[PDB]
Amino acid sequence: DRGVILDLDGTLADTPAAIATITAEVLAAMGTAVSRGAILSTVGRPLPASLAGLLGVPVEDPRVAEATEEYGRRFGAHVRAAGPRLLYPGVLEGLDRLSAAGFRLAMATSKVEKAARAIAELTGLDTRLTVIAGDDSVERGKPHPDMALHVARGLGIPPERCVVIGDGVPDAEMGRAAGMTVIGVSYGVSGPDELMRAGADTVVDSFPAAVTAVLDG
């Protein structure tokens, strides 16, 4: 009777490299380019805000919508090409083990909700997850607690009995702010010290290790 709230990019789905590459493809389509470090700094964060920051324009600039739509096309094609291969090894099996032990599972992603659901459907996450929320599901996205509180409500589990698993500082900040335990993972966008400094209770180095941490309590 406990909840596990999982980030998508860099936690369940091995997408950081594809996100960086497709971001670059989209900027090239828009006739431009930015530093590698700038792109890397955005990986896994909300997409329109990230693209606006890389282009150096207001988020409401029409160039942002153009870039976001092009990104959606390219990323959607990538996800259809990958299917379940989009996920890190052990993810579906791990989620099944958590379900078997009586945990209710949710996704909380900085992707928009429609994209999150489509990815869940193409990878097989959909049959494991009770609730899916994205950046547009709530007024205040990561690092605010709201998304985690919203999915906890969806699960019917009080925040106190939920754990957040993610690879980003925003996930750790979201979980801590929501009054939840946080398991950071080091195989995504963040190193372990940064996650500990952001409030992770522990940091593990693989998804199966995160599952073991939850199962053993």
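The numbering used is simple: start at 1 and walk along the sequence shown.
- Item | Stretch with the higher entry mean CA B-factor, where the candidates are 91 to 99 and 77 to 85 | On average, C-alpha B-factors are higher across 77 to 85.
- With reference to the PDB entry, specify whether the mean Cα temperature factor is higher for 117 to 125 or for 103 to 111. Higher mean C-alpha B-factor: 117 to 125.
- For the listed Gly166, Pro46, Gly175, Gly156, which has the peak Cα B-factor recorded in the PDB entry? Of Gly166, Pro46, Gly175, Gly156, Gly156 has the highest C-alpha B-factor.
- Taking the values exactly as deposited, rank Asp9 by C-alpha B-factor within its chain and report the matching third: lowest, middle or highest. Bottom third by C-alpha B-factor.
- Task: Give the position of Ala148 by CA B-factor within its chain, expressed as the lowest, middle or highest third.
- Result: Bottom third by C-alpha B-factor.
- Taking the entry's C-alpha B-factors for this chain, is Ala198 in the lowest, middle or highest third? For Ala198, whose C-alpha B-factor we compare with every modelled residue in the chain, the answer is the highest third.
- Query: Among the modelled residues of its chain, does the C-alpha B-factor of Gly191 lie in the lowest, middle or highest third?
  - Reply: CA B-factor rank for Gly191: highest third.
- Message: Test of reading the entry: by CA B factor among the chain's modelled residues, which third contains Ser50?
- Response: For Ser50, whose C-alpha B-factor we compare with every modelled residue in the chain, the answer is the lowest third.
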